[PDB]
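Here the structure comes first, spelled out in structure tokens, and everything after it is commentary.
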Amino acid sequence: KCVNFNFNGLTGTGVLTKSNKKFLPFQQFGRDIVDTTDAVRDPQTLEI
Amino acid sequence: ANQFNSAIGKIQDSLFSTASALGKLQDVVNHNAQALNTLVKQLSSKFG
Ligand SMILES: *[C@@H]1O[C@H](CO)[C@@H](O[C@@H]2O[C@H](CO)[C@@H](O)[C@H](O)[C@H]2NC(C)=O)[C@H](O)[C@H]1NC(C)=O
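Just so you know, the protein sequences line up as chains A and B, in that order. Heads up, the first sequence is in the authors' numbering, so the first residue is 533 and it goes up one at a time. Heads up, the second sequence is in the authors' numbering, so the first residue is 920 and it goes up one at a time.
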């Protein structure tokens, strides 16, 4: 669902879906080649 | 007729091996995509 999300100070608006991306353990979020945020790790359940 | 047939047969090789042209359509696509990517990437600049 399209929501206004605030993940650990990273604020945006969008729809969240389950991901097949495999973050490195220290990585908290990710962005595209054009530096737009694409995936976020949830600081509670450590889910991408 | 034989000469025309031979030339039209060689066409399929002369269009993708000798290169030369066919790079202008790719140039158009690349230029438009690069312009769009730069326009998006300009959103990460502080501008002071
Ligand atoms: C944040 O707190 C919870 C506990 O409130 C931590 O553990 C979770 O606890 C719930 C309790 O129902 C379990 O169902 C979850 O599976 C637990 N989560 C995990 C990731 O194991 C949770 O780990 C904490 N988050 C941290 C430490 O990042």
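Note that CB positions come from ideal geometry on N, CA and C, so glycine has one too.
Using C-beta distances below 8 Å, list every residue in its chain close to residue 921(B), excluding the 5 sequence neighbours before and after it, in chain order.
Locating residue 921(B) in the second sequence gives position 2, where the first residue counts as 1. Cβ within range, chain order: n/a, list empty.
What residues in the segment 561-579 of chain A bring their beta carbon closer than 8 Å to a beta carbon of chain B?
565, 566, 567, 568
Just to check my reading of the structure: residue 569(A) and residue 542(A) have Cβ atoms closer than 8 Å, yes? What is that Cβ distance to the nearest angstrom?
Indexing the first sequence from 1 puts residue 569(A) at position 37. Indexing the first sequence from 1 puts residue 542(A) at position 10. So it is a contact: roughly 7 Å between Cβ atoms.
Have a look at residue 537(A) and residue 546(A) and give me their C-alpha separation to the nearest angstrom.
Walking along the first sequence from the start, residue 537(A) turns up at place 5. Walking along the first sequence from the start, residue 546(A) turns up at place 14. Taking the straight line from one Cα to the other gives about 7 Å.
Residue 576(A) Cβ short of 7 Å to ligand 1 heavy atom set:
Here the question's residue 576(A) lines up with position 44 in the first sequence. Checking the Cβ of residue 576(A) against ligand 1 gives yes.
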